[PDB]
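Below is one structure, written out as structure tokens; comments come after it.
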Protein chains: 2
Amino acid sequence: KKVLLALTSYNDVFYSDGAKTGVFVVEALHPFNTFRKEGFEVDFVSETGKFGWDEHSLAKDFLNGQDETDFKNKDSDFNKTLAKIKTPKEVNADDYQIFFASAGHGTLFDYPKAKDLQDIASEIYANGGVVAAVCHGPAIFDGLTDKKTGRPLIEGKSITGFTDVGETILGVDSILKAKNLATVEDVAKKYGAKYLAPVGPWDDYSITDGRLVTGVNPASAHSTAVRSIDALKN
Amino acid sequence: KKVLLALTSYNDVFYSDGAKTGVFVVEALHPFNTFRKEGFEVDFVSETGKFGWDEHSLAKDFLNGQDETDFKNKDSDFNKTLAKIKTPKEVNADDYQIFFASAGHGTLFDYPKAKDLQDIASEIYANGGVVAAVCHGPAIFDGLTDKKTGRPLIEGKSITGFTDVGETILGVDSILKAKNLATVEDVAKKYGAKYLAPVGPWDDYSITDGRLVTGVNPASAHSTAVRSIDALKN
């Protein structure tokens with residue numbers, strides 16, 4: 001039982017305070033934990049084989065408790081597994097039942113153009129696997145094609161993900177535009193998907209549409225992962 | 001700017017302990033409170049113009065705090081309003097912006113056959129209003145037609161509601177099958193709707209799809225009510 005957990009490979013100054021974005025820690029850690037818990041093996045992968053942390057996700061409010069302990073302890077299973085991060089080439093899609101895309105605002109940079117990752121994702125979905133994504137993770141659906149129908153994998157599907165209002169509240173809406181980036185809600189519209197919004201931009205909100213699982217934000221990582229395992233039976 | 005809050009008129013012995021089903025207290029109270037807070041007026045209506053509370057919704061685990069105080073206080077707005085509850089005949093569909101269907105298992109008995117109420121809701125909706133339902137409330141979607149399309153109102157839409165698994169867990173799926181009642185998932189399947197389920201059958205889980213709003217269970221009453229209001233601009 002393997003699970004391929006994708007991470008953004010973009011890590012550069014993003015926020016107006018000079019803080020650089022990248023992988024949202026708990027969006028990788030909670031799914032990882034949830035996966036390892038049920039008895040799945042986790043293989044991390046990134047577009048370039050490299051990654052960095054979204055500095056904002058390192059703040060006390062987003063990283064604390066056992067999470068921080070596992071983060072700081074280099075011998076943690078999480079860290080030992082992350083050290084074995086793979087590049088697309090080094091991956092055999094046929095080895096995974098679940099494809100989970102963790103996020104962070106960085107995914108908005110490489111995920112849409114990560115074709116190799118999309119081919120892999122598409123294959124796992126073809127073999128009856130489950131494709132899941134949280135936060136800005138659905139960004140990788142931009143171009144993801146269903147091999148069986150030839151149509152965009154999200155066309156006619158109900159998904160969720162980071163909200164447009166959330167961007168405004170974070171005050172990063174100025175930047176997304178400045179950097180010519182599309183929001184999850186934009187991507188959902190562009191490819192015929194039905195975007196379902198949570199009551200609040202920070203709520204734990206996730207959706208299961210057959211074998212396609214999506215979550216809204218960091219607070220939905222766990223739920224997304226849990227849904228992702230359950231979805232295997234669909 | 002008013003709300004039509006439909007209640008189940010069924011109030012007979014249900015549970016395998018002699019208890020009776022009917023209106024689940026908070027499913028009518030929280031929605032009422034939310035709508036009242038936002039300035040909307042509220043009118044209660046049932047098939048018979050009468051109703052009874054579901055015996056199991058009266059325990060401390062479901063009825064407590066201010067809710068319980070507003071339930072026992074005869075001079076409470078919630079109660080003074082319930083006294084003026086009207087019948088379909090007394091209703092003018094054009095006087096409402098939202099149609100909210102509170103539940104309790106009792107709804108499986110009357111909502112599906114309450115044609116007059118369906119019309120009111122099809123009408124309100126026809127005028128660009130909002131149609132919302134929580135828990136077993138979606139049973140009212142059984143045969144509910146979109147005045148403008150001719151097609152079933154929930155056809156092609158995404159909804160959620162009380163889960164089939166929940167029924168088993170409560171050990172009432174026997175009663176249902178016996179009394180020849182249909183579940184929400186059934187009604188969704190029957191009219192071409194895409195049923196989206198919560199991770200846990202008890203989760204506060206709701207969905208907003210255009211102007212069709214749905215919630216899963218008592219825990220979802222509030223969110224479903226909030227989703228209604230926000231929906232009005234969709």
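Chain labels run A, B, ... following the order of the structure tokens; each chain numbers its residues from 1, and ligands are numbered from 1 in the order shown.
Near chain A, within 9 Å and counting only C-alpha atoms, the residues of chain B are residues 158, 194, 195, 196, 197, 198, 199, 205, 206, 207, 208, 209, 223, 224, 226, 227 and 230 of chain B.
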Please produce a file of the residues just selected, as a PDB file, in the first residue's frame, where the atoms kept are C-alpha atoms.
ATOM      1  CA  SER B 158     -24.775  18.529  -5.646  1.00  0.00           C
ATOM      2  CA  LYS B 194     -24.935  13.853  -6.844  1.00  0.00           C
ATOM      3  CA  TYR B 195     -24.981  13.046  -3.137  1.00  0.00           C
ATOM      4  CA  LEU B 196     -21.895  14.193  -1.278  1.00  0.00           C
ATOM      5  CA  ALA B 197     -21.353  12.686   2.163  1.00  0.00           C
ATOM      6  CA  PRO B 198     -19.514  13.932   5.261  1.00  0.00           C
ATOM      7  CA  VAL B 199     -16.589  11.990   6.688  1.00  0.00           C
ATOM      8  CA  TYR B 205     -21.594  19.234   6.919  1.00  0.00           C
ATOM      9  CA  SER B 206     -23.465  21.365   4.413  1.00  0.00           C
ATOM     10  CA  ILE B 207     -23.292  22.319   0.743  1.00  0.00           C
ATOM     11  CA  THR B 208     -24.184  25.355  -1.337  1.00  0.00           C
ATOM     12  CA  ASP B 209     -24.830  24.668  -5.006  1.00  0.00           C
ATOM     13  CA  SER B 223     -24.462  26.144   8.879  1.00  0.00           C
ATOM     14  CA  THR B 224     -27.308  25.276   6.546  1.00  0.00           C
ATOM     15  CA  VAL B 226     -26.061  30.585   7.245  1.00  0.00           C
ATOM     16  CA  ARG B 227     -25.510  29.079   3.783  1.00  0.00           C
ATOM     17  CA  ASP B 230     -25.250  33.911   1.694  1.00  0.00           C
TER      18      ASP B 230
END
May I have the residues within 8 Å of region 36-42 of chain B as a PyMOL selection string, using only C-alpha atoms and disregarding those fewer than 4 positions away in the same chain? chain B and resi 1-5+32+81
Exercise: region 124-138 of chain B partners within 8 Å, only C-alpha atoms, chain neighbours under 2 positions left out, as a PyMOL selection string: chain B and resi 27+93-94+96-105+107-108+111+120-122+140-142+146-148+161-162+183-184+187+211-218+220-221+224-225+228+231-232
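Interatomic distance, CA of residue 54 (chain B) against CA of residue 202 (chain B): 17.5 Å.
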Residue list (strand (DSSP E), DSSP) for region 73-153 of chain B, as a list in words: residues 98, 99, 100, 101, 130, 131, 132, 133 and 134 of chain B
Just-selected residues, N, CA and C atoms written as a compact mmCIF listing (two decimals), in the first residue's frame:
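Dumped everything to part.txt:
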# COMPACT_ATOMS: atom_id res chain seq x y z
N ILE B 98 -36.60 32.74 1.24
CA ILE B 98 -35.99 31.44 1.49
C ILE B 98 -37.00 30.39 1.95
N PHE B 99 -36.75 29.16 1.52
CA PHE B 99 -37.57 28.03 1.90
C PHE B 99 -36.59 27.13 2.64
N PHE B 100 -36.80 26.99 3.94
CA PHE B 100 -35.92 26.16 4.77
C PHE B 100 -36.69 24.95 5.28
N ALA B 101 -36.21 23.75 4.99
CA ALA B 101 -36.90 22.56 5.45
C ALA B 101 -36.21 21.90 6.65
N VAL B 130 -34.03 31.12 -2.48
CA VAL B 130 -33.19 30.00 -2.07
C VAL B 130 -33.98 28.84 -1.48
N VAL B 131 -33.56 27.62 -1.80
CA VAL B 131 -34.21 26.43 -1.25
C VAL B 131 -33.17 25.67 -0.40
N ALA B 132 -33.45 25.53 0.89
CA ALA B 132 -32.51 24.84 1.76
C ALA B 132 -33.18 23.72 2.56
N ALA B 133 -32.40 22.68 2.87
CA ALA B 133 -32.92 21.55 3.61
C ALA B 133 -31.83 20.87 4.39
N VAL B 134 -32.13 20.52 5.63
CA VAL B 134 -31.16 19.84 6.47
C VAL B 134 -31.65 18.48 6.96
Mind giving me the straight-line distance from CA of residue 25 (chain B) to CA of residue 153 (chain B) in Å, one decimal? 27.2 Å
Quick check, in Å to one decimal: how far apart do CA of residue 11 (chain A) and CA of residue 48 (chain A) lie?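 Distance reported for this atom pair: 11.5 Å.
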Residues at most 10 Å from residue 90 (chain A), counting only C-alpha atoms, excluding those fewer than 5 positions away in the same chain, as a PDB file with N, CA, C and O atoms, in the first residue's frame?
ATOM      1  N   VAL A  45       7.349  13.346  -3.266  1.00  0.00           N
ATOM      2  CA  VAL A  45       7.836  13.657  -4.596  1.00  0.00           C
ATOM      3  C   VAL A  45       7.623  15.137  -4.836  1.00  0.00           C
ATOM      4  O   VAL A  45       6.689  15.744  -4.311  1.00  0.00           O
ATOM      5  N   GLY A  49      12.589  17.522  -7.269  1.00  0.00           N
ATOM      6  CA  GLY A  49      13.184  16.659  -6.269  1.00  0.00           C
ATOM      7  C   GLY A  49      13.522  17.488  -5.049  1.00  0.00           C
ATOM      8  O   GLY A  49      13.909  16.951  -4.013  1.00  0.00           O
ATOM      9  N   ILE A  85      12.939  12.145  -0.612  1.00  0.00           N
ATOM     10  CA  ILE A  85      12.126  12.804  -1.632  1.00  0.00           C
ATOM     11  C   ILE A  85      12.556  12.368  -3.043  1.00  0.00           C
ATOM     12  O   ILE A  85      13.744  12.277  -3.339  1.00  0.00           O
TER      13      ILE A  85
END
Can you list, as a ChimeraX atom specification, every residue of region 2-230 of chain A that DSSP puts in alpha helix (DSSP H)? /A:26-38,66-72,77-82,107-110,115-126,164-170,173-178,184-190,221-230
Check the smallest atom-to-atom distance from each of B:73, B:178, B:106, B:87 to residue 12 (chain B) using only C-alpha atoms, then report the winner. B:106
Residue 167 (chain A): which residues within 10 Å, counting only C-alpha atoms, same-chain residues fewer than 6 positions away excluded, as a list in words?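 Final neighbour list, sorted by chain and number: residues 105, 173, 174, 175, 176, 183 and 201 of chain A.
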Could you write out the selected residues, including N, CA, C and O atoms, as a PDB file, in the first residue's frame?
ATOM      1  N   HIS A 105       1.006  28.238  -1.149  1.00  0.00           N
ATOM      2  CA  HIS A 105       0.935  29.123  -2.311  1.00  0.00           C
ATOM      3  C   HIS A 105       1.953  28.844  -3.427  1.00  0.00           C
ATOM      4  O   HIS A 105       1.818  29.350  -4.540  1.00  0.00           O
ATOM      5  N   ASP A 173      -4.001  38.733  -2.638  1.00  0.00           N
ATOM      6  CA  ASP A 173      -4.701  38.836  -3.915  1.00  0.00           C
ATOM      7  C   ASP A 173      -3.985  39.798  -4.873  1.00  0.00           C
ATOM      8  O   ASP A 173      -4.081  39.670  -6.095  1.00  0.00           O
ATOM      9  N   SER A 174      -3.255  40.750  -4.302  1.00  0.00           N
ATOM     10  CA  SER A 174      -2.495  41.733  -5.070  1.00  0.00           C
ATOM     11  C   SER A 174      -1.335  41.017  -5.746  1.00  0.00           C
ATOM     12  O   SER A 174      -1.003  41.268  -6.904  1.00  0.00           O
ATOM     13  N   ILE A 175      -0.723  40.119  -4.990  1.00  0.00           N
ATOM     14  CA  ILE A 175       0.401  39.344  -5.470  1.00  0.00           C
ATOM     15  C   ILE A 175       0.019  38.300  -6.521  1.00  0.00           C
ATOM     16  O   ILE A 175       0.660  38.219  -7.564  1.00  0.00           O
ATOM     17  N   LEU A 176      -1.017  37.506  -6.254  1.00  0.00           N
ATOM     18  CA  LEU A 176      -1.442  36.481  -7.209  1.00  0.00           C
ATOM     19  C   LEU A 176      -1.552  37.088  -8.600  1.00  0.00           C
ATOM     20  O   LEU A 176      -1.054  36.530  -9.578  1.00  0.00           O
ATOM     21  N   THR A 183      -6.450  31.260  -9.404  1.00  0.00           N
ATOM     22  CA  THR A 183      -6.903  30.692  -8.136  1.00  0.00           C
ATOM     23  C   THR A 183      -7.608  29.364  -8.358  1.00  0.00           C
ATOM     24  O   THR A 183      -8.059  29.063  -9.465  1.00  0.00           O
ATOM     25  N   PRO A 201     -13.772  30.462   4.903  1.00  0.00           N
ATOM     26  CA  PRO A 201     -12.482  30.209   4.251  1.00  0.00           C
ATOM     27  C   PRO A 201     -11.447  29.407   5.038  1.00  0.00           C
ATOM     28  O   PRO A 201     -10.496  28.885   4.458  1.00  0.00           O
TER      29      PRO A 201
END
